[PDB]
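First comes the structure, then the notes that go with it.
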Amino acid sequence: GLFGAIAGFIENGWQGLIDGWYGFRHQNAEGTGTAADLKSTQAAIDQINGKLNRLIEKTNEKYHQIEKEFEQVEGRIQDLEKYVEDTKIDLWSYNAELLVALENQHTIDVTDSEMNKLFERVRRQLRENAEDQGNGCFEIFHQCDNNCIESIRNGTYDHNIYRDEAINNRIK
Amino acid sequence: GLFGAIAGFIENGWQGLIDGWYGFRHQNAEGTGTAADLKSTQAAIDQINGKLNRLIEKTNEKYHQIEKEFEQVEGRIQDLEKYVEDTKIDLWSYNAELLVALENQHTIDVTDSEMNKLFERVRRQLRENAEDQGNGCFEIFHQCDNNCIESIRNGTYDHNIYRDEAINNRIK
Amino acid sequence: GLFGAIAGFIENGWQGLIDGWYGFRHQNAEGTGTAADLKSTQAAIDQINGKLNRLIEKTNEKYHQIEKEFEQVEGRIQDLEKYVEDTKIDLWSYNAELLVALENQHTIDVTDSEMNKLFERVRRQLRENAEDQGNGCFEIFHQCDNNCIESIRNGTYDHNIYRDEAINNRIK
Amino acid sequence: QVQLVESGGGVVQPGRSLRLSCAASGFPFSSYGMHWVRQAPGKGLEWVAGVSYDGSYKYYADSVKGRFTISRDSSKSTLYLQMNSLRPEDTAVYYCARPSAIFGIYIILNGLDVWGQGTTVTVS
Amino acid sequence: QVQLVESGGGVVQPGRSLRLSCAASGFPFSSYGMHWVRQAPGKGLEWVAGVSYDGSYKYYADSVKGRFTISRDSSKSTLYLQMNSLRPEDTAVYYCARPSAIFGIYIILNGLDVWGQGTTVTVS
Amino acid sequence: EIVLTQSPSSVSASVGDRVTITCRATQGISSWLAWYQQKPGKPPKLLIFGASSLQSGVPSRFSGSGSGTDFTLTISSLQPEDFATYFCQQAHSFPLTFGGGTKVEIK
Amino acid sequence: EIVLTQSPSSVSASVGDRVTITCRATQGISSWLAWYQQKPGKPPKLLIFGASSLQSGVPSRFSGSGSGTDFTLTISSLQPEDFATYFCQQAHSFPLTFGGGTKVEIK
Amino acid sequence: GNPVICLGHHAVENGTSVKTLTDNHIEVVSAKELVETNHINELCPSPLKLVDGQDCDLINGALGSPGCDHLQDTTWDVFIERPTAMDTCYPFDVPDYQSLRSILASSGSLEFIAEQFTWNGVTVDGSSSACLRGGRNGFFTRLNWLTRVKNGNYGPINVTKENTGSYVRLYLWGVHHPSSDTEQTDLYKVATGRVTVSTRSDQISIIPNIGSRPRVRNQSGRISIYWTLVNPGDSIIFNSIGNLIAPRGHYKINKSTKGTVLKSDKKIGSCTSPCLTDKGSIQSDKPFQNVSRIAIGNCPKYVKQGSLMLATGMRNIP
Amino acid sequence: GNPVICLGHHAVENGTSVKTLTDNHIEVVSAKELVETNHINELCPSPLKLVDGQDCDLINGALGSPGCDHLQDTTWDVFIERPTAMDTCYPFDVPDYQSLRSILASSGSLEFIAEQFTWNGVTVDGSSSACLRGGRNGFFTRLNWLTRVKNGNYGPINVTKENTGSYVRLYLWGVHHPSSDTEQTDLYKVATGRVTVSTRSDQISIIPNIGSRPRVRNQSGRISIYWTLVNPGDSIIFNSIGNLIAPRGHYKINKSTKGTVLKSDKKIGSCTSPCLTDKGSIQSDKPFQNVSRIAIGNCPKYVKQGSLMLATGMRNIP
Amino acid sequence: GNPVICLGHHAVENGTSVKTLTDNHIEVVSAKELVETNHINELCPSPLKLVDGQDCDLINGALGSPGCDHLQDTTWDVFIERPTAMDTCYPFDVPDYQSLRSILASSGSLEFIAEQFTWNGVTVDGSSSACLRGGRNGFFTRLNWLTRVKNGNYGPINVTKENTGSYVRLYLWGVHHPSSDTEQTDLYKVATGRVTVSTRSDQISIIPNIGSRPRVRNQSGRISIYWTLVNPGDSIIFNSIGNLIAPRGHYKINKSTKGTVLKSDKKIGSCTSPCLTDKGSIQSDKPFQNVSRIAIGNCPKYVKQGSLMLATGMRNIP
Ligand SMILES: *[C@@H]1O[C@H](CO)[C@@H](O[C@@H]2O[C@H](CO)[C@@H](O)[C@H](O)[C@H]2NC(C)=O)[C@H](O)[C@H]1NC(C)=O
Ligand SMILES: *[C@@H]1O[C@H](CO)[C@@H](O[C@@H]2O[C@H](CO)[C@@H](O)[C@H](O)[C@H]2NC(C)=O)[C@H](O)[C@H]1NC(C)=O
Ligand SMILES: *[C@@H]1O[C@H](CO)[C@@H](O[C@@H]2O[C@H](CO)[C@@H](O)[C@H](O)[C@H]2NC(C)=O)[C@H](O)[C@H]1NC(C)=O
Ligand SMILES: *[C@@H]1O[C@H](CO)[C@@H](O[C@@H]2O[C@H](CO)[C@@H](O)[C@H](O)[C@H]2NC(C)=O)[C@H](O)[C@H]1NC(C)=O
């Protein structure tokens, strides 16, 4: 990937995460849990589906063509009819080989981006109340019960509420 | 976009911005104002013109060709002369459809990058004298009059000048 | 580049860096020195070599073809035999021109990504003990001898060690 | 092979309660989130309830919030729609529906692949 | 033209020291990192030591750490393998080798282009 | 919420007509539309997920289009078994919305 | 460390046979593999770097393959001077590892 | 013990391998195959209208050889020649055979518009023991073998037909090449025949050549088959002093518009597929295929690769 | 009340929709159209040199039929054949008509190098009422109709011409197919003519066939037109005992080098465009076009799409 | 004086320029050239089996003209015609010359399977002063010139051969076109010859044409060379009453499988290369090339560009 989140500072993936492509995993006083994130998961699927629907549009429909199999040598005309078909098959085979190789390089870059998109969103939420450990986790320097955790996952967390507490626990 | 600035943490665009593609919008004691940013705007335009000039180079010049319209059925030879032209048109139409779709996917990503490029630059300017509100705006924790604002927009802003005032206003 | 590290906030390159593609350049009490970074250098080379190997796979091998030079005008058949070859050469020439331009645009963005990758790794290492000066250098707010420098470059640097000294030197 | 069987629909009076059930067959039920969608008789389809795969996150329509309760059983592989405080507005042909699975994951928020036969709930 | 000459191999008793040298010729020695690789007689090749182009970063094998000492000299364009605390395990045919330059960088970690003739170290 | 508006509310056509139906919402729901076929007294059957991806087994004549704002359900060559009421589904974010119904009668 | 495993450990073949050798490591060593030729009493010669790139001056019959996990050294048309012992090299990270040697004998 | 919130991505146990610009083997979560490699092994009769000659190639059907009685007035989107097709009539060659086949296959119709000719001064309806129809001497159902008046002359033929209709007429006629000077004089009484068919713009004349050819169905002679097109307003003239194989009417030039011929040996099933190949029909939604280069209809594009995996998910790292 | 500095991007009220790899409809600020769809409806006479036959097709011009007096010694980058072109002379066919048209069009020249032949033992300059040049019996300006000496024999023709020039000579000749045994003997006195034209490396010989063809300009006979190329150093021989339609010189084989023929009916304007189509000229800087597959000159590449929008701006989000 | 650690990237003094999507001239650290522009100037005889006719074109070698004695029974992957090849025998043309030379070049074999014929009632082994083999009247080594019995008749030939083998037989025969009616009667005693070669599925018949052709090797007559294929189980019949140029056997139709002909003038060296061109061999690992569109073997794809620089390094900024 170009952003180095997936196969980067995010060591590995979570097989237990089955309801989404990206999710949270917390440790607070009350315990531990894992929940998927919809927005990030939705954006990634949209761009994969969006490029899957583009690749299926049925646009090849030919009926009368030239003969592509011969029972007797003929020479000039057959040499051309064979060369024309071979030249076509070569070009389409390259078009296909390049398309797949390119759509995959972009696909892996998009998913790597969406993982970084989610991480940067959370980073901007807490924004003085947490520090980047480096492995894709945030050390939250204040008490955060399950309601506080959900407020981070649904985007209602107010940093001004714990700012005094957090800065004190970080600096000292 | 791959960086998620445009159509991302930058909520929407500014139609009042008519002197550039990217710009600043401030609120200091004296008032409020908007000014475009040349460097980011130029880098985007040069990369759009750079790929615009590439797509116009006139290279297709053919005069004697094969006949592509026929007033009587002939059979083998006509089938080939048609199948050759059909094979070519298909391959060019694909060459055109993939080119546009790919240049656009890159174009939108380049502009999204140039937006994130500018945001990152200003972030590195203030350093510890401002905090990322998240919406693409920085909360400047000191008095910054219009000359101080212009110092941020033309890259002369010295953070060591307001470091004492700023850290104190953040931590407490 | 899309990340704006190479030809971006990293002003220029280092010609004294001859053992790697990316490197560290420090200034501590004992003196100054430059060391390449292996991981970032290897990741870039692997992706360049990877796309180099993809571009060399020998797949074109034809022996019996159509004649491509003529010693007498013939008309219909020769016109087609020529138009078929001309059509093929143009399409392959486009397939080559687009390939080089596209792979280069990706190549430059990959190298610009790996440079930012390395920078973001070191940023997460120190993570309260240094600050981003902007030019790609970190101001380390504590004494960091050569053993401390090497700890940053081989990934063993423990930020908790100097956290007390570093925060104090930053805030006051 | 794969199908969803519904049950529980009967004639009831306003103010009382009922429970409908949807037993899954032929697919990993505990992996999917599930939905209840009601076709009000005369009108079109109306989404009423939806639950996640584990059962921790439950989504309800604004008409039935705090009035109906969805749940699910892994040991029985059955989907429960516990209805309280019924009224003739809730009269509908109830359907248990399975949101579609996409490339890798079993998203709760998508189109609905498999439906039940449809069990009618009449409130006089 | 370009090659590497080795020297220093002799018969030595365990516990003592030796110094083997590798003189370069025909290439910018002080631009490349360099490696010592030993072929234990009977066994295959066994990397033992390696040094960067400047000589500040030195890499050793776990069997010789704190026992052998590599060094180089720009003025003589020579590679030094100072061996202390010898023992019959270190009996091997020593080779000084040159890691391959790739793209434009003279990386230290690559395949080895040029080898010396092979100077035998015998420890009885 | 997100409101779906199906146009037209009903339509009559003979077998072989090029039928056009629209689903129309408010928010950006870019690709999360689901078209359903419905016979009277029967449960729906998912026709098009992703607003264009043809469901497995559904004939290729059923085609969906649209992205974000304006959606469309197109049927090329109508067949006698295709006489049914058609519902679109929003799937961007809860709650799930459905349309008012677009029936195809006989002409 | 990273452990290399050459297979087979030895092989006998006549001139003109399609010889296949494998290098086999533990870690993701990307594409960093170096095959070497070695005659008795003689220093090695680099045959393949990058696990596929033919070294300058080495005949086109020598070919390398593999990526990340499984590696392979193939020789198409063996020649009398090609009788030698072959070693593969890991070059992803320190320390540098070699193989157990794969010698080609006369059949 | 500060609370920690982690952000990650999903993975699976066994991921799929895909190619990118920089690697041949990258394991991602999910991937979709883009090359179709399977066919039904039967030709689907829907939605494309098929016609099985099944003992008759297309040209034998147009001429009306014994076996091809079932091909009369057939219309198709695809005609299907079989490898088991066999000649059943007088031995014949066709100069530019492949073109007449292509002209017939593209029209997609064997509707024979019959015409009444007045061949003055010849015996009509000749037959041959090489061309049996029900154990009885017969001939091409669309050709009329003219011979000299009984014990008389081959009264010169100067027949003409104007194209009144709005369509282009395809006339199928032939020239008999005898085996001996006896046969040439026994049949048309001229030592050397001549056949000249012409329109206002194009023309063709043939003088037949006598000689021995290998016996086919106990016949040493041959019949060379030609064809002449007549545009609306034009007139065709059959002028011959000997050895003419006359037509009984013309075919109607139709529009190509999914009209062609496929050479296959697979049976016609009852399935439904918009894509036919010589190996059978293709039922797929994939863009590419390695089944066959011969593909008629709404088909995936033939490529040389047997597998092209498109990544439909992130990188899989367990 | 801390000061805030915001960073953003411009937007407009009505953006343009473009395609990407992951969406059919994305609104960006600005976009340029890459497919040209408009043509002038006239053919621009610059910078390409045009020639209007305007009643004469190319081949009729090369032979010199009545209408084609204005085409003599013309040179062109593009010849233009009209649909209103009409035959004006003795009825004729051309075996491999399309090739001779292609050879003449690619040479881009109707410069006729006249030659003086000595047709010993024949009448010359024959003319036919089917070929009128000013209400008078005429003939092809580049062909010489040879008939037997007045009340005498068709003295055998054994004429030869050596190629002395450095170029390749194109000779246009013909063979007369009479309508009746009377005409053949009335004209050339032999019962059966013969025409044999040959070089040192390629030859052709034709024996003419007699018979009725549809009346064209009150003529039942025909003239088959042939051509022979002569390389430098080689010699061509016209040997004929009857029915030869002799040449009056040759044409010079030139270099293709923007030389061709375009079949259009649009008038020739006064505009300027480096690209011609059958539907008129194209004045564009766009890479692609849906105007016509028939495109001569520096033209955009014909595609099947009508609109391919290239994004020239960021995403437009109001 | 706080410690600072900087992060950067390498650079070089003189970088290379490459094209991207957004710029024509971007300086990067390192780059590789993808378009090969150099050739050896000699044809490498490995690994492709080459054959040098070196005075004989392929067809002259197949017929067996004087110079082509060394080409007998040769097999090749690539036949090599030279520009210095010269006709040496009786003057001949070949209808569809390029088709019969592309059948002999695909088969990749001049193995002549000799057969014994019994031409009953004719003189055999005729020779001509226009075809000298060692200052002596000779003929094509694979053709048998048949003339009338000495002071007698041209006994009618009705010779047949049945294909019993498993391969397709290629027969090379011809038809003599005399110069004068004297020569025709002097040689075959008929006023008009006839040659009819036929199989069960395809036939061809030629009646020769007398007349003067340009003198080639002091000969005014010509021989038209034809070829007939015979499938396993079929039979060929040579039927002629005059002017037959008989075969002495047949060639074996082989499989294309890297078998072709290359028209070059470069000497055959001692190098090794899997790619041949008209300008010499190509030794490269590059994908593309601007050497020649004529490329045989494992070759780079011919393009028009002369340089396509792929970036193999980061942006170089000193
Ligand atoms: C010319 O030769 C052929 C064969 O050499 C003669 O034909 C054969 O006649 C017998 C009669 O019993 C048949 O069984 C064979 O099948 C025929 N052969 C072929 C190849 O068809 C033929 O009769 C000869 N021609 C003349 C005029 O005598
Ligand atoms: C189409 O491609 C597939 C491969 O992608 C070909 O088949 C496989 O062949 C290998 C042998 O090389 C077998 O081991 C596999 O089991 C086959 N797999 C499948 C799915 O068939 C296949 O033969 C190709 N088809 C054609 C007509 O060329
Ligand atoms: C070229 O493509 C355009 C579309 O991009 C074709 O035209 C339009 O046709 C639609 C109806 O199908 C009209 O609603 C538009 O107003 C038309 N626009 C224009 C600009 O013409 C056009 O017909 C195509 N031209 C050719 C020659 O195929
Ligand atoms: C292949 O392309 C190269 C350029 O990329 C052609 O060569 C050069 O020609 C220019 C003049 O136009 C000279 O200034 C250069 O010195 C030439 N360079 C080389 C390496 O030749 C070359 O001629 C092309 N080959 C063919 C056969 O056209």
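Every chain in the structure tokens takes a letter, A first, then B, and so on in the order presented; its residues are numbered from 1, and the ligands are numbered from 1 following the presented order.
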Would you list the contacts of residue 39 in chain F as a count of residues only, taking every protein, DNA or RNA residue within 7 Å and counting only C-alpha atoms, but skipping same-chain residues closer than 3 positions in sequence?
3
Who sits within 10 Å of residue 72 in chain C, only C-alpha atoms, same chain under 5 positions skipped, as number ranges by chain
C: 78; I: 168, 229-231, 253
Can you pull out every residue within 9 Å of residue 34 in chain H, counting only C-alpha atoms, but drop anything in the same chain fewer than 3 positions away, and send it as number ranges by chain?
A: 55, 96, 100; H: 285-289, 307-310
Applying 9 Å and only C-alpha atoms, which residues near residue 82 in chain A remain after dropping the ones on its own chain fewer than 5 positions away? List them as number ranges by chain.
A: 67-69, 77, 87; C: 65
Please write the residues from the selection above to a file, keeping C-alpha atoms, as a PDB file, in the first residue's frame.
```pdb
ATOM      1  CA  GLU A  67     -13.070 -17.847 -40.403  1.00  0.00           C
ATOM      2  CA  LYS A  68     -10.596 -18.754 -37.658  1.00  0.00           C
ATOM      3  CA  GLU A  69      -9.999 -22.444 -38.464  1.00  0.00           C
ATOM      4  CA  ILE A  77      -5.442 -14.751 -47.851  1.00  0.00           C
ATOM      5  CA  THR A  87      -2.979  -9.591 -33.584  1.00  0.00           C
TER       6      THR A  87
ATOM      7  CA  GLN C  65       3.231 -13.630 -40.530  1.00  0.00           C
TER       8      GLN C  65
END
```
Please return as an MDAnalysis selection string the residues found within 9 Å of ligand 2, counting only C-alpha atoms and all ligand atoms.
chainID H and resid 35:38 279 289:292 304:308
Reference chain C, mobile chain A, all Cα atoms fitted, written as a compact mmCIF listing (two decimals) with C-alpha atoms, in the first residue's frame:
```
# COMPACT_ATOMS: atom_id res chain seq x y z
CA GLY A 1 4.54 13.07 -5.84
CA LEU A 2 1.20 12.60 -4.09
CA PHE A 3 2.58 12.82 -0.53
CA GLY A 4 4.88 15.81 -1.00
CA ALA A 5 7.86 14.40 0.88
CA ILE A 6 10.22 14.04 -2.08
CA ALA A 7 10.22 17.35 -3.98
CA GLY A 8 8.16 18.62 -1.04
CA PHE A 9 8.92 19.27 2.62
CA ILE A 10 12.18 17.34 2.05
CA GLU A 11 14.01 20.19 0.33
CA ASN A 12 16.55 18.13 -1.62
CA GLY A 13 18.35 14.79 -1.65
CA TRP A 14 21.72 13.73 -0.28
CA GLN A 15 24.42 12.73 -2.75
CA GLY A 16 26.63 11.53 0.11
CA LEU A 17 24.00 8.87 0.83
CA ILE A 18 25.43 6.13 -1.39
CA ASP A 19 24.55 2.94 0.54
CA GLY A 20 20.78 3.44 0.40
CA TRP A 21 17.79 5.33 -0.93
CA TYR A 22 16.66 6.73 2.44
CA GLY A 23 18.65 7.54 5.55
CA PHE A 24 19.13 9.44 8.78
CA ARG A 25 21.29 12.51 9.39
CA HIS A 26 21.75 13.61 13.00
CA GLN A 27 23.42 16.28 15.13
CA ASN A 28 24.12 15.34 18.75
CA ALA A 29 26.69 16.32 21.37
CA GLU A 30 29.31 13.90 20.04
CA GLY A 31 29.04 15.18 16.47
CA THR A 32 27.23 14.45 13.22
CA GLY A 33 26.74 11.50 10.89
CA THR A 34 24.65 9.92 8.17
CA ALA A 35 23.42 6.34 7.86
CA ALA A 36 21.05 4.71 5.39
CA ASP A 37 17.83 2.98 6.42
CA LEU A 38 17.45 -0.57 5.12
CA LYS A 39 13.72 -1.24 5.54
CA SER A 40 12.57 1.81 3.57
CA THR A 41 15.31 1.35 0.96
CA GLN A 42 14.44 -2.35 0.65
CA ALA A 43 10.71 -1.74 0.20
CA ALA A 44 11.21 0.81 -2.59
CA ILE A 45 13.64 -1.39 -4.54
CA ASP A 46 11.32 -4.40 -4.18
CA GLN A 47 8.43 -2.55 -5.81
CA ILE A 48 10.63 -1.14 -8.58
CA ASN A 49 12.23 -4.53 -9.25
CA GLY A 50 8.81 -6.15 -8.90
CA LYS A 51 7.48 -3.97 -11.72
CA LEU A 52 10.68 -4.37 -13.75
CA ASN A 53 10.38 -8.17 -13.71
CA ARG A 54 6.75 -7.86 -14.83
CA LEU A 55 7.78 -5.80 -17.87
CA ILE A 56 10.36 -8.29 -19.20
CA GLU A 57 8.35 -11.54 -19.42
CA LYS A 58 9.02 -12.66 -23.00
CA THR A 59 5.60 -13.38 -24.50
CA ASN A 60 5.98 -12.27 -28.16
CA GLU A 61 7.00 -15.15 -30.43
CA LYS A 62 5.64 -15.26 -34.00
CA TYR A 63 7.26 -16.82 -37.07
CA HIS A 64 4.83 -17.04 -40.00
CA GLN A 65 3.27 -13.63 -40.59
CA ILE A 66 2.07 -11.51 -43.50
CA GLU A 67 4.31 -9.65 -45.91
CA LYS A 68 5.11 -6.11 -44.75
CA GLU A 69 7.13 -4.85 -47.74
CA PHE A 70 6.04 -4.92 -51.38
CA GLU A 71 7.84 -4.46 -54.70
CA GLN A 72 4.76 -3.81 -56.88
CA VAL A 73 1.39 -2.12 -56.39
CA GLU A 74 -1.44 -4.64 -56.23
CA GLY A 75 -4.44 -2.82 -54.87
CA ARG A 76 -7.13 -4.21 -52.62
CA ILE A 77 -5.23 -7.06 -50.97
CA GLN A 78 -2.06 -5.01 -50.46
CA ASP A 79 -4.09 -2.08 -49.10
CA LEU A 80 -5.47 -4.46 -46.44
CA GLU A 81 -2.15 -6.12 -45.58
CA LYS A 82 -0.65 -2.65 -45.07
CA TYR A 83 -3.63 -1.33 -43.10
CA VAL A 84 -3.65 -4.38 -40.80
CA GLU A 85 0.03 -3.95 -39.94
CA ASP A 86 -0.26 -0.18 -39.48
CA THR A 87 -3.28 -0.56 -37.18
CA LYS A 88 -1.30 -3.04 -35.07
CA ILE A 89 1.83 -0.88 -34.80
CA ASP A 90 -0.29 2.11 -33.78
CA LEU A 91 -2.03 0.20 -30.98
CA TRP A 92 1.17 -1.31 -29.57
CA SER A 93 2.91 2.07 -29.74
CA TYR A 94 0.06 3.57 -27.72
CA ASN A 95 0.14 0.61 -25.32
CA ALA A 96 3.86 1.22 -24.78
CA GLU A 97 3.59 5.01 -24.51
CA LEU A 98 0.78 4.75 -21.96
CA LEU A 99 2.49 1.96 -20.00
CA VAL A 100 5.73 3.91 -19.49
CA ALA A 101 3.93 7.17 -18.67
CA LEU A 102 1.74 5.34 -16.15
CA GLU A 103 4.39 3.14 -14.53
CA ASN A 104 6.48 6.29 -14.01
CA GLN A 105 3.65 8.26 -12.37
CA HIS A 106 3.19 5.32 -10.00
CA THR A 107 6.94 4.84 -9.47
CA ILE A 108 7.44 8.47 -8.43
CA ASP A 109 4.39 8.18 -6.17
CA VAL A 110 5.70 4.98 -4.55
CA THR A 111 9.11 6.46 -3.76
CA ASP A 112 7.46 9.63 -2.45
CA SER A 113 5.33 7.35 -0.26
CA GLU A 114 8.26 5.31 1.09
CA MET A 115 10.02 8.53 2.10
CA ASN A 116 6.88 9.59 3.98
CA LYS A 117 6.57 6.07 5.42
CA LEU A 118 10.00 6.37 7.06
CA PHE A 119 9.30 9.87 8.39
CA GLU A 120 5.98 8.80 9.91
CA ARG A 121 7.65 5.79 11.55
CA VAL A 122 10.20 7.99 13.34
CA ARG A 123 7.48 10.50 14.26
CA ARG A 124 5.61 7.70 16.05
CA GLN A 125 8.77 6.54 17.87
CA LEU A 126 9.72 9.66 19.84
CA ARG A 127 6.06 10.66 19.91
CA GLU A 128 6.27 13.29 22.62
CA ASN A 129 10.03 13.74 22.89
CA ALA A 130 10.50 15.50 19.54
CA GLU A 131 8.80 18.08 17.35
CA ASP A 132 8.47 18.28 13.58
CA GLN A 133 10.63 21.18 12.41
CA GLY A 134 9.00 20.84 8.97
CA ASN A 135 12.02 20.12 6.75
CA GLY A 136 11.94 16.40 7.53
CA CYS A 137 13.96 16.85 10.74
CA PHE A 138 12.93 16.24 14.36
CA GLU A 139 14.10 18.52 17.16
CA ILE A 140 14.78 16.06 19.99
CA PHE A 141 14.20 17.88 23.29
CA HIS A 142 16.58 15.71 25.30
CA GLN A 143 20.17 14.53 25.28
CA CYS A 144 20.65 11.76 22.72
CA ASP A 145 24.15 10.30 22.50
CA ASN A 146 25.19 8.04 19.63
CA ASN A 147 23.74 4.95 21.31
CA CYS A 148 20.45 6.83 21.69
CA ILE A 149 20.68 7.84 18.02
CA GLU A 150 21.22 4.24 16.91
CA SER A 151 18.24 3.22 19.06
CA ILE A 152 16.12 5.54 16.91
CA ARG A 153 17.55 4.10 13.67
CA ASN A 154 17.10 0.43 14.61
CA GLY A 155 13.73 0.90 16.32
CA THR A 156 14.65 0.24 19.96
CA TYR A 157 14.22 3.82 21.25
CA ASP A 158 12.02 3.86 24.36
CA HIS A 159 10.23 7.20 24.67
CA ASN A 160 9.23 6.52 28.29
CA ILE A 161 12.92 6.85 29.23
CA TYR A 162 13.23 10.53 28.24
CA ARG A 163 9.57 11.58 28.52
CA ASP A 164 9.99 13.53 31.77
CA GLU A 165 13.09 15.31 30.46
CA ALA A 166 11.64 16.10 27.03
CA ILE A 167 8.21 17.43 28.02
CA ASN A 168 9.91 19.74 30.53
CA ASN A 169 12.26 21.14 27.88
CA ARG A 170 9.38 21.69 25.43
CA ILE A 171 6.78 23.27 27.71
CA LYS A 172 9.20 25.62 29.49
```
Using CA of residue 297 in chain J and CA of residue 259 in chain J as the two end points, give the distance in Å to one decimal.
10.2 Å
Mind listing the strand (DSSP E or B) residues of range 219-265 of chain H, per DSSP on the backbone, as a count of residues only?
29
Hey, what's within 10 Å of residue 114 in chain D if we count only C-alpha atoms and toss same-chain stuff fewer than 2 positions away? As a PyMOL selection string, please?
(chain D and resi 2-4+95-100+111-112+116-117) or (chain F and resi 43-46)
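Interatomic distance, CA of residue 78 in chain E to CA of residue 22 in chain E: 5.5 Å.
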d(CA of residue 41 in chain H, CA of residue 53 in chain H) in Å:
18.8 Å
Within-10 Å residues of ligand 1, basis only C-alpha atoms and all ligand atoms, as a list in words
residues 179, 180, 181, 211, 212, 213, 214, 215, 216, 217, 218, 219 and 220 of chain H; 156, 157, 158, 159, 160, 161, 162, 198, 199, 200, 234, 235, 236, 237, 238 and 239 of chain J
For residue 23 in chain D, work out the shell of residues within 9 Å, counting only C-alpha atoms and skipping chain neighbours fewer than 5 positions away, then give it as a ChimeraX atom specification.
/D:3-7,76-80
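Residues surrounding residue 65 in chain F within 9 Å are residues 51, 52, 71, 72, 73 and 74 of chain F [only C-alpha atoms; sequence separation below 6 positions excluded].
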Next, the residues of the selection above should be written as an mmCIF file, in the first residue's frame with C-alpha atoms.
```cif
data_model
loop_
_atom_site.group_PDB
_atom_site.id
_atom_site.type_symbol
_atom_site.label_atom_id
_atom_site.label_comp_id
_atom_site.auth_asym_id
_atom_site.auth_seq_id
_atom_site.Cartn_x
_atom_site.Cartn_y
_atom_site.Cartn_z
ATOM 1 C CA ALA F 51 -27.689 -0.351 -7.846
ATOM 2 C CA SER F 52 -26.206 -2.109 -10.885
ATOM 3 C CA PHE F 71 -31.316 6.094 -9.773
ATOM 4 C CA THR F 72 -33.005 4.075 -12.510
ATOM 5 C CA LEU F 73 -34.290 0.532 -13.098
ATOM 6 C CA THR F 74 -34.401 -0.497 -16.763
#
```
Could you list the residues in chain J lying within 8 Å of chain C, using only C-alpha atoms, and format the result as an MDAnalysis selection string?
chainID J and resid 2:13 18:22 106 256:261 285:288 293:305 308:318
